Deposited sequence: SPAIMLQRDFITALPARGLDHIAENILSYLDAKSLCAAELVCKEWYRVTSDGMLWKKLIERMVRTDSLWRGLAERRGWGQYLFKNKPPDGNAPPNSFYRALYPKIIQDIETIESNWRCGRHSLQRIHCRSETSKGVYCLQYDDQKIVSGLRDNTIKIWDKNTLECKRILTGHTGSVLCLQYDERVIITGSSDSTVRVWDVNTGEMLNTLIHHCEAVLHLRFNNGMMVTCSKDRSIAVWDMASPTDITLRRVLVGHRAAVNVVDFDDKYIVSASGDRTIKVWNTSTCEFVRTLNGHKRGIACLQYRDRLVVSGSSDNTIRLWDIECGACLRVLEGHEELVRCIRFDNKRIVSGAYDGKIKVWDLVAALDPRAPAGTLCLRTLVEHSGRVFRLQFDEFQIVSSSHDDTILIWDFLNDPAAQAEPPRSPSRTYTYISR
């Protein structure tokens, strides 16, 4: 078994044995500045990379993961060719790198486009919640309607209607828009049309926030409570239970397989078991009320009346990091792989280096990447991605930042 040298040059050896895919499979674990290397080892080594479309194959593994790569593929053409010489591929790699470098660049100083959407109406002057897309925006106005905007020429696709109060919170889905309102109700709307499916009574004061995903919804209210519903259909929806422990309005609720996190103006974030709906902890520490969380895997990020953004570990419940810089109430906030984007009362939105922030070696002052100021009133909601922020605010505008 064990008697044959430094011998084997595997990748010239294998094709010569019938077995190309193996040598290709081996090379395929390589990064580019290194696949470059294999390319240049010897002529056959070269050949295996060319005949195995090892760029195609390495660029299709990029897309199949790194958020950014799936992105640039979807946008601006080139993803057109995936899933044909092989050089087109190798030659393209440096440009996709340069892209990512210029985005992550101008996007840390100034990558504007805004595209103001002015909405109108009597009553209001506020877009409370918004949820966003590759070709539509679902927005809960204060006029009591949800307005749906075409993402391209920005026109208004559908004015949905039949809510007593301002639409305070909402969730897309690929079946049903759901909203919570000043009128103490939660609503189900078919996402294609504008048709109300179900409407839940249950609460007794402004449904302030809902979060939604999979078979169950979580919901919360000025009435101090959270309700957990397992939904069997838009038509169905049953109250699993009600969580009582907060001492004031529950401003924000959110959700993953292992925990349900809520926050109120009682200055606490409470963490509930997603399956037993029991208390587990309190995240105490904000000096004033919490206006906004997000929660993903390990992390929970909150915005406060005390003007700071806090960063928590969900398990021990420690605060990892305090973010100062907002000069007014932090009304809305979102994580992501590499950033935290928050919206304040003076209509300013701030971009934070998430990865820097999660490392205590990084000093307070340089955690806020350049700060963005294109709103007249309060910033109510935002949701972003690899290349876009798209924000609501008082001054009844949706902004689409690049």
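Note: segments 84-92, 412-435 of the deposited sequence have no C-alpha coordinates in the structure.
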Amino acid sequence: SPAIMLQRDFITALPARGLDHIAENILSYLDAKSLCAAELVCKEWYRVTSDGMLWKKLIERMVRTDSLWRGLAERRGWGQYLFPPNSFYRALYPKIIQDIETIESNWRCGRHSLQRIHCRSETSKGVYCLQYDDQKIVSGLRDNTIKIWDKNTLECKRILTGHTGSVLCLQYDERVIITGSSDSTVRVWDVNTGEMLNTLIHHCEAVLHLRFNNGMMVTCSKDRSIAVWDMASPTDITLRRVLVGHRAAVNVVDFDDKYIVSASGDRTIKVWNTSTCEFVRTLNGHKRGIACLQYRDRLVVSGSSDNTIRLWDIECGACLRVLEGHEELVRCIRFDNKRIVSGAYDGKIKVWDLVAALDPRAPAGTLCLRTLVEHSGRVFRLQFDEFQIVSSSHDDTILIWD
From here on, numbers count along this sequence of modelled residues.
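In this crystal structure, the stretch out of 63-71 and 351-359 whose C-alpha atoms carry the higher mean B factor is 63-71. 173-181 and 249-257 differ in mean CA B-factor, and the higher of the two is recorded for 249-257. The maximum CA B-factor among the listed residues 231, 299, 160, 208, taken from the PDB record, is found at 299.
Annotation for 108, 116, 321, 267: 108 ranks highest, by Cα B-factor. The deposited CA B-factor of residue 124 belongs to the highest third of values across its chain. Annotation for residue 224: CA B-factor lies in the middle third of the chain's modelled residues. Among the modelled residues of its chain, residue 241 has a C-alpha B-factor that falls in the middle third, as given in the PDB entry. Ranked by C-alpha B-factor against the other modelled residues of its chain, residue 4 falls in the highest third. When all modelled residues of the chain are sorted by CA temperature factor, residue 198 is found within the highest third.
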